[PDB]
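Notes follow the structure.
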Amino acid sequence: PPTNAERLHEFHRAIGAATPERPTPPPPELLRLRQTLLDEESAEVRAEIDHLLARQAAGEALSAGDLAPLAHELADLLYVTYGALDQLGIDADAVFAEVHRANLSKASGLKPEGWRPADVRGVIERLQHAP
Amino acid sequence: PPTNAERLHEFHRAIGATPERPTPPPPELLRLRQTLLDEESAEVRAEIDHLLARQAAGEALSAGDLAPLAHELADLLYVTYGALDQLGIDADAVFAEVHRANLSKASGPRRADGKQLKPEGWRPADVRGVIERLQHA
Ligand SMILES: O=c1ccn([C@H]2C[C@H](O)[C@@H](COP(=O)(O)O)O2)c(=O)[nH]1
Ligand SMILES: [Mn+2]
Ligand SMILES: [Mn+2]
Ligand SMILES: [Mn+2]
């Protein structure tokens with residue numbers, strides 16, 4: 001039952017990294033690190049996608065196992081993306097749920113009538129009052 | 001209660017788009033998933049740059065100022081989970097394995113920018129093992 005977002009909180013406590021309980025404006029140093037890790041892991045995803053495409057172009061029959069490096073790098077990207085939300089003190093699950101509500105709603109239409117976009121600002125205000 | 005990976009599965013069913021087990025995709029699908037990751041990563045990147053520029057100007061950010069960044073981060077999760085789901089790969093099973101090998105880094109040194117590094121004798125996640133597990137069962 002632990003969510004992936006909750007696992008990030010467990011990771012940051014284990015390594016002594018900042019992990020605020022509620023949304024908290026960050027020092028510039030934190031934003032710069034989050035940017036660096038996002039650039040790093042997304043570049044790794046791109047490299048693995050490129051290798052698969054090149055193998056395919058040459059006629060290689062890919063197996064399920066061939067996807068492991070890509071899957072690993074996609075999970076690393078999830079990890080640093082959740083990681084940014086966690087260091088900001090923002091419950092990733094709450095924000096994700098609102099983005100999903102909006103996307104899932106839109107799919108019942110294009111827009112259904114009475115549709116409302118993701119209101120992440122509202123989610124962040126409500127998270128400031130948690131407890 | 002549904003996980004974020006399962007929400008992606010639900011979204012894909014809703015739009016009529018995905019395999020139950022790990023499945024090698026056609027090249028077009030790979031190129032499409034790359035495009036969506038690139039689009040959302042660029043929006044995250046631009047927003048972080050934006051915040052950094054405001055702080056450099058002496059502005060003290062409020063929690064409320066973080067809403068657009070939080071939104072873009074969640075969009076990025078959406079398309080990243082989306083990629084895994086279209087590959088037929090259970091995101092949570094892979095994430096759990098990656099998480100376990102991340103916890104084991106705790107004793108390692110830290111880089112100057114704050115990145116946690118790997119201690120001596122560390123061993124990586126076995127994601128190949130996870131894929132094999134999902135593949136058969
Ligand atoms: O400060 C850190 C260092 C590493 N990781 C995570 C994200 C990935 O899952 C992985 C990247 O580790 P490297 O292989 O790049 O060292 O560990 C973090 O979340 N924060
Ligand atoms: Mn890396
Ligand atoms: Mn990686
Ligand atoms: Mn976006």
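Chain labels run A, B, ... following the order of the structure tokens; each chain numbers its residues from 1, and ligands are numbered from 1 in the order shown.
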
### Query
Within 10 Å of ligand 3, counting only C-alpha atoms and all ligand atoms, which protein or nucleic acid residues do you find, written as a ChimeraX atom specification?
/A:37,40-45,69-77,79-80 /B:98

### Task
Report as a PyMOL selection string the set of chain A residues whose atoms approach chain B to within 6 Å, with distances computed over only C-alpha atoms.
chain A and resi 11+15+23-25+64+68+75+96+104+120-121

### Message
Please return, as JSON, numbers by chain, all residues of chain B that DSSP assigns to helix (DSSP H, G or I) on the basis of the backbone.
### Response
{"B": [4, 5, 6, 7, 8, 9, 10, 11, 12, 13, 14, 27, 28, 29, 30, 31, 32, 33, 34, 35, 36, 37, 38, 39, 40, 41, 42, 43, 44, 45, 46, 47, 48, 49, 50, 51, 52, 53, 54, 55, 56, 63, 64, 65, 66, 67, 68, 69, 70, 71, 72, 73, 74, 75, 76, 77, 78, 79, 80, 81, 82, 83, 84, 85, 86, 91, 92, 93, 94, 95, 96, 97, 98, 99, 100, 101, 102, 103, 127, 128, 129, 130, 131, 132, 133, 134, 135]}

Would you mind exporting C-alpha atoms of the selected residues as a PDB file, in the first residue's frame?
ATOM      1  CA  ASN B   4      -1.093   6.358 -10.479  1.00  0.00           C
ATOM      2  CA  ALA B   5       0.066   3.600 -12.865  1.00  0.00           C
ATOM      3  CA  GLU B   6      -3.401   2.058 -12.722  1.00  0.00           C
ATOM      4  CA  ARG B   7      -4.922   5.472 -13.477  1.00  0.00           C
ATOM      5  CA  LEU B   8      -2.924   5.522 -16.738  1.00  0.00           C
ATOM      6  CA  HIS B   9      -4.318   2.106 -17.603  1.00  0.00           C
ATOM      7  CA  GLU B  10      -7.799   3.513 -16.914  1.00  0.00           C
ATOM      8  CA  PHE B  11      -7.104   6.563 -19.081  1.00  0.00           C
ATOM      9  CA  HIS B  12      -5.884   4.410 -21.986  1.00  0.00           C
ATOM     10  CA  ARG B  13      -9.007   2.232 -21.815  1.00  0.00           C
ATOM     11  CA  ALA B  14     -11.144   5.364 -21.816  1.00  0.00           C
ATOM     12  CA  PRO B  27       8.936   2.116 -33.969  1.00  0.00           C
ATOM     13  CA  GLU B  28       6.099   4.647 -34.413  1.00  0.00           C
ATOM     14  CA  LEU B  29       4.953   4.133 -30.820  1.00  0.00           C
ATOM     15  CA  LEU B  30       8.472   4.665 -29.483  1.00  0.00           C
ATOM     16  CA  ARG B  31       8.799   7.891 -31.480  1.00  0.00           C
ATOM     17  CA  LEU B  32       5.408   9.058 -30.229  1.00  0.00           C
ATOM     18  CA  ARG B  33       6.252   8.387 -26.571  1.00  0.00           C
ATOM     19  CA  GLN B  34       9.575  10.226 -26.981  1.00  0.00           C
ATOM     20  CA  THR B  35       7.706  13.204 -28.381  1.00  0.00           C
ATOM     21  CA  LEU B  36       5.370  13.427 -25.379  1.00  0.00           C
ATOM     22  CA  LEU B  37       8.229  13.091 -22.887  1.00  0.00           C
ATOM     23  CA  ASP B  38      10.106  15.839 -24.694  1.00  0.00           C
ATOM     24  CA  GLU B  39       7.088  18.162 -24.709  1.00  0.00           C
ATOM     25  CA  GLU B  40       6.394  17.849 -20.987  1.00  0.00           C
ATOM     26  CA  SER B  41      10.088  17.873 -19.966  1.00  0.00           C
ATOM     27  CA  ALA B  42      10.502  21.155 -21.852  1.00  0.00           C
ATOM     28  CA  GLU B  43       7.559  22.697 -20.001  1.00  0.00           C
ATOM     29  CA  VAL B  44       9.011  21.606 -16.628  1.00  0.00           C
ATOM     30  CA  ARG B  45      12.467  22.927 -17.632  1.00  0.00           C
ATOM     31  CA  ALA B  46      11.075  26.284 -18.759  1.00  0.00           C
ATOM     32  CA  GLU B  47       9.122  26.677 -15.509  1.00  0.00           C
ATOM     33  CA  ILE B  48      12.116  25.897 -13.282  1.00  0.00           C
ATOM     34  CA  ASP B  49      14.189  28.402 -15.308  1.00  0.00           C
ATOM     35  CA  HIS B  50      11.331  30.889 -14.753  1.00  0.00           C
ATOM     36  CA  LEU B  51      11.358  30.474 -10.988  1.00  0.00           C
ATOM     37  CA  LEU B  52      15.130  30.715 -10.861  1.00  0.00           C
ATOM     38  CA  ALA B  53      15.010  33.990 -12.792  1.00  0.00           C
ATOM     39  CA  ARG B  54      12.471  35.441 -10.346  1.00  0.00           C
ATOM     40  CA  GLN B  55      14.626  34.537  -7.333  1.00  0.00           C
ATOM     41  CA  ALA B  56      17.667  36.042  -9.062  1.00  0.00           C
ATOM     42  CA  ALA B  63       3.948  28.303  -2.040  1.00  0.00           C
ATOM     43  CA  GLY B  64       1.216  29.455  -4.413  1.00  0.00           C
ATOM     44  CA  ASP B  65       3.860  30.438  -6.983  1.00  0.00           C
ATOM     45  CA  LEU B  66       4.694  26.705  -7.230  1.00  0.00           C
ATOM     46  CA  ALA B  67       1.372  25.694  -8.803  1.00  0.00           C
ATOM     47  CA  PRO B  68       2.425  25.859 -12.442  1.00  0.00           C
ATOM     48  CA  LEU B  69       5.595  23.841 -11.722  1.00  0.00           C
ATOM     49  CA  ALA B  70       3.636  21.234  -9.764  1.00  0.00           C
ATOM     50  CA  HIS B  71       1.202  20.954 -12.680  1.00  0.00           C
ATOM     51  CA  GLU B  72       3.986  20.427 -15.242  1.00  0.00           C
ATOM     52  CA  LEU B  73       5.680  17.848 -12.972  1.00  0.00           C
ATOM     53  CA  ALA B  74       2.383  15.944 -12.771  1.00  0.00           C
ATOM     54  CA  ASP B  75       1.975  16.147 -16.601  1.00  0.00           C
ATOM     55  CA  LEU B  76       5.481  14.630 -16.850  1.00  0.00           C
ATOM     56  CA  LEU B  77       4.483  11.779 -14.527  1.00  0.00           C
ATOM     57  CA  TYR B  78       1.416  11.278 -16.689  1.00  0.00           C
ATOM     58  CA  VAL B  79       3.369  10.786 -19.943  1.00  0.00           C
ATOM     59  CA  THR B  80       6.106   8.740 -18.255  1.00  0.00           C
ATOM     60  CA  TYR B  81       3.584   6.368 -16.659  1.00  0.00           C
ATOM     61  CA  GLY B  82       1.858   6.474 -20.058  1.00  0.00           C
ATOM     62  CA  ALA B  83       4.968   5.187 -21.822  1.00  0.00           C
ATOM     63  CA  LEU B  84       5.307   2.253 -19.403  1.00  0.00           C
ATOM     64  CA  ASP B  85       1.646   1.348 -19.794  1.00  0.00           C
ATOM     65  CA  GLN B  86       1.814   1.289 -23.607  1.00  0.00           C
ATOM     66  CA  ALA B  91       5.231   0.648 -13.556  1.00  0.00           C
ATOM     67  CA  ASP B  92       4.842  -0.139  -9.863  1.00  0.00           C
ATOM     68  CA  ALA B  93       6.771  -3.412 -10.043  1.00  0.00           C
ATOM     69  CA  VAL B  94       9.706  -1.702 -11.742  1.00  0.00           C
ATOM     70  CA  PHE B  95       9.525   1.320  -9.419  1.00  0.00           C
ATOM     71  CA  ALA B  96       9.607  -0.897  -6.290  1.00  0.00           C
ATOM     72  CA  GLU B  97      12.827  -2.544  -7.506  1.00  0.00           C
ATOM     73  CA  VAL B  98      14.404   0.813  -8.392  1.00  0.00           C
ATOM     74  CA  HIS B  99      13.287   2.195  -4.984  1.00  0.00           C
ATOM     75  CA  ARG B 100      14.903  -0.654  -3.069  1.00  0.00           C
ATOM     76  CA  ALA B 101      18.247  -0.026  -4.800  1.00  0.00           C
ATOM     77  CA  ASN B 102      17.917   3.685  -4.109  1.00  0.00           C
ATOM     78  CA  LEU B 103      17.441   3.135  -0.379  1.00  0.00           C
ATOM     79  CA  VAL B 127      14.922  -4.562 -13.765  1.00  0.00           C
ATOM     80  CA  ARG B 128      15.605  -7.381 -16.217  1.00  0.00           C
ATOM     81  CA  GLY B 129      14.413  -9.762 -13.499  1.00  0.00           C
ATOM     82  CA  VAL B 130      11.267  -7.697 -13.000  1.00  0.00           C
ATOM     83  CA  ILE B 131      10.457  -7.755 -16.736  1.00  0.00           C
ATOM     84  CA  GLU B 132      10.936 -11.540 -16.790  1.00  0.00           C
ATOM     85  CA  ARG B 133       8.598 -11.847 -13.866  1.00  0.00           C
ATOM     86  CA  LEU B 134       5.890  -9.756 -15.503  1.00  0.00           C
ATOM     87  CA  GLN B 135       6.459 -11.666 -18.724  1.00  0.00           C
TER      88      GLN B 135
END

### Task
Considering only C-alpha atoms, return as a PyMOL selection string whatever protein or nucleic-acid residues lie within 8 Å of residue 20 in chain A, sequence-local ones (same chain, fewer than 5 positions apart) excluded.
chain A and resi 86-89

Kindly save the residues from that selection, with N, CA, C and O atoms included, as a PDB file, in the first residue's frame.
ATOM      1  N   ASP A  86       8.241  16.009  -3.998  1.00  0.00           N
ATOM      2  CA  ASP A  86       8.486  15.756  -2.572  1.00  0.00           C
ATOM      3  C   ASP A  86       9.361  16.829  -1.900  1.00  0.00           C
ATOM      4  O   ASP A  86       9.066  17.263  -0.784  1.00  0.00           O
ATOM      5  N   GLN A  87      10.429  17.270  -2.567  1.00  0.00           N
ATOM      6  CA  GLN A  87      11.302  18.290  -1.977  1.00  0.00           C
ATOM      7  C   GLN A  87      10.620  19.660  -1.885  1.00  0.00           C
ATOM      8  O   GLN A  87      10.992  20.495  -1.056  1.00  0.00           O
ATOM      9  N   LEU A  88       9.616  19.880  -2.725  1.00  0.00           N
ATOM     10  CA  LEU A  88       8.777  21.074  -2.609  1.00  0.00           C
ATOM     11  C   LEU A  88       7.717  20.975  -1.505  1.00  0.00           C
ATOM     12  O   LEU A  88       7.009  21.948  -1.234  1.00  0.00           O
ATOM     13  N   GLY A  89       7.593  19.803  -0.886  1.00  0.00           N
ATOM     14  CA  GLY A  89       6.575  19.584   0.125  1.00  0.00           C
ATOM     15  C   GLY A  89       5.172  19.419  -0.443  1.00  0.00           C
ATOM     16  O   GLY A  89       4.169  19.668   0.235  1.00  0.00           O
TER      17      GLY A  89
END
